[PDB]
Structures are given as C-alpha cells and as structure tokens.
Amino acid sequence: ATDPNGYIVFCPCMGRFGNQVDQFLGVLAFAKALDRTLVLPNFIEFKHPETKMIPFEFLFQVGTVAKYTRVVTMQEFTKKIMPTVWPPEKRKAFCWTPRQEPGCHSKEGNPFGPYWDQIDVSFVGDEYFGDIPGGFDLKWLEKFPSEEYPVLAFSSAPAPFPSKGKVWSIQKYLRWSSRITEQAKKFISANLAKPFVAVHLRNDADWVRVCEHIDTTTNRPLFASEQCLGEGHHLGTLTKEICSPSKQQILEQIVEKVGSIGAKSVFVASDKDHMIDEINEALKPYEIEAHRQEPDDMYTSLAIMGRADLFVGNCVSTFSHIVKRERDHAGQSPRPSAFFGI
C-alpha cells in the first residue's frame, strides 16, 4: 500500500553537493513534521558537459535514513507510486508565492529543467504556501489534504539555507553507501598510516573571490561559517584568513596538527590545489607524507575525512560542514575536528 498521508518530492536545485545536503537535512525535518513520506532526491553534479543526476542510494544508505523518517527511493516513487497516485493532470508545483504570468515557474533554468525532465515530470498548475503562518519552520494539513494533494512537489527545497543548528544532528542518518565506505576503507588501509590528519583545501579561483568579498563590519553568516563561529557569529568575526588561508598558514597549521596528535600520515581533499609537494616538504621533519586520491572523488573524499583521526576543515565551506556534522553525530560520541584560522 502507499502512504495515505501522501508524499513530498523536491529538487535540491541550489548549489553544489554541500549546499544540496545542507538543504536536504532541513527537508528531512520538514517531511517528518508534515507526516508525509519523502521521495529521496537525486543529487546534482555540474562538472560534466551536462548536468547529471545521481540517485540518493548511490551515495547514502536508504536503511539508515529511514530510521529518521519515512522515505522512498526516486525509482520506487517514479515506477511504482507516481503513475496511479500522481498522474500528469494533478502535478502541481509548490512555491512560496507568485514570482516574475506570475507563478512558480518551476522548470525554467538549470538545474530546474533537467531535474524534472529526468523523471519525465511537467507541471500543470501552481499551489502557494507563503500565506501559511510560520512557513516551513514547523495548517499545512488544513490547506493541503492528502486526497486532493497526494504529492507536494517543490522545485526549491522547502528548507533554510544555510541550515539551522537544529537540523545538523540529522547528518547521523546519512551513512555512505557500502560502495563508498569500502573505497574509503581501502584507501586508508593502503595509503594512510594511523593516526592520520585529513584536511579540506577549498581553493579554486571562484572561492578566493567569495572570501575577498567578506564584509567584516556586518559580519553576517556566509555559507557554513556558523559551524565554527556559532549562530549569527556570536563567537567571533569571519575573516579572509579563515575563509581562504594563505599557503603559509595552511602549511604551518598542518604541521602543528601533525605534531599535536603524532600523525603518521596526512590526507588531502581539494577542489583544485592539493599542495602535495608543498605539504610533503613541510612534513619532512616528521618523515611522513600527504596523500590524495587521483582523481579526487568528492564522495569518497568526504567519507575518508569522516574516518580521520583528526579533521581540519574550511569553516565557510558547506562541503567541510558535511564532514563536521558526520564527525559530530554519526557515532555516539563526536570525533575531533578543527578549522583553518580558528
């Protein structure tokens, strides 16, 4: 049987993987609060000639996320549930309010178009929820009953971004697929003498520009920055030094952390410059080396960093934030983490 309360389906249609996971935690909480089954999203990759959709279960374990709230895979929804529960005629798009005729416009642009195209979904009308007192920070049952609205479909994730502290613990329920876990275990065993320090070096050209725009006087959250500076930055000011450490600062801090734990190796995950030769020179006095995956597979890198004896991340990066939350919440006790410039 299908869920009498109905379903929620959405596109994680903002940003790259760290942003998608950040909003997905909020959506999980939203679905549980509404008591509707969540269709697990396809994640989205952009580093290809075309946008590419990745099934949830390629990356994470369905069994584990189900321990938080009721879920179904996109494949089950698409093949088994949709045809009778949600036929083309009742496929309505849900959004906050009409936007610039005025409506949700759920399939314009990228990845909005390709995401819904992938599952052969087009929308035939709009439903608005901006007038519901409190929005999605959980009337919804009053406004959208299951019989007429079996599926709530959102082209934008119905979740805050950046994520609120309240949902960070939901990362406990995102467990890497067995394939990724095994790839991580194998790389560690073959390459990384323990204890090892794992570091995230976020350093592509677009990033340095993001950091150089930091306005220290207004000191607002930027992406994941509350993971080290607290809600609304109550613990301090976000600086360029934290957002984009100098090569010198990276080396000094890696060497310090190697010393602090008696590390026997270093793992580096990077979007661009892994600094392997530079780190290796700096580590010569300790007779250990830094190691990277070739090529650098983002998911296996996240998994390796979650398994590290010590993780040093980038406080602003939502990609680092995945690792921080996993280390904080996957187990019964947190595994230690630090951040550059903190």
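Numbers follow the displayed sequence, beginning with 1. Just so we're on the same page, rigid core means the largest C-alpha set that superposes within 1.5 Å between forms.
Core superposition of the other structures onto this form places the C-alphas of 212 to 220 farther off in 4 other deposited structures of this protein than those of the other stretch among 212 to 220 and 253 to 261. Taking the root mean square of CA deviations in 4 other deposited structures of this protein after fitting on the rigid core, 126 to 134 and 221 to 229 differ, and the farther of the two is 126 to 134. The modelled chain is continuous from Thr217 to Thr218, since every residue of the deposited sequence in that stretch has coordinates. According to the record, 4 to 9 deposited residues between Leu138 and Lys139 are left without atomic coordinates. Once the C-alpha B-factors are averaged per stretch, 295 to 303 and 43 to 51 rank with 43 to 51 first. Annotation for 66 to 74 versus 22 to 30: the higher mean temperature factor (C-alpha) is found in 66 to 74.
Per the PDB record, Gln100 has a higher Cα B-factor than any other of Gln100, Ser265, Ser270, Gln171.
For the set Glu256, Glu226, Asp206, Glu182, the maximum C-alpha B-factor listed in the entry falls on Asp206. Ranked by C-alpha B-factor against the other modelled residues of its chain, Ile8 falls in the middle third.
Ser260: CA B factor in the middle third of modelled residues in this chain (values from the PDB entry). Ranked by Cα temperature factor within the chain, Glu57 sits in the lowest third according to the deposited record.
Annotation for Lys166: C-alpha temperature factor in the middle third relative to the rest of the modelled chain, per the entry. Among all modelled residues in its chain, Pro150 ranks in the highest third by Cα B-factor.
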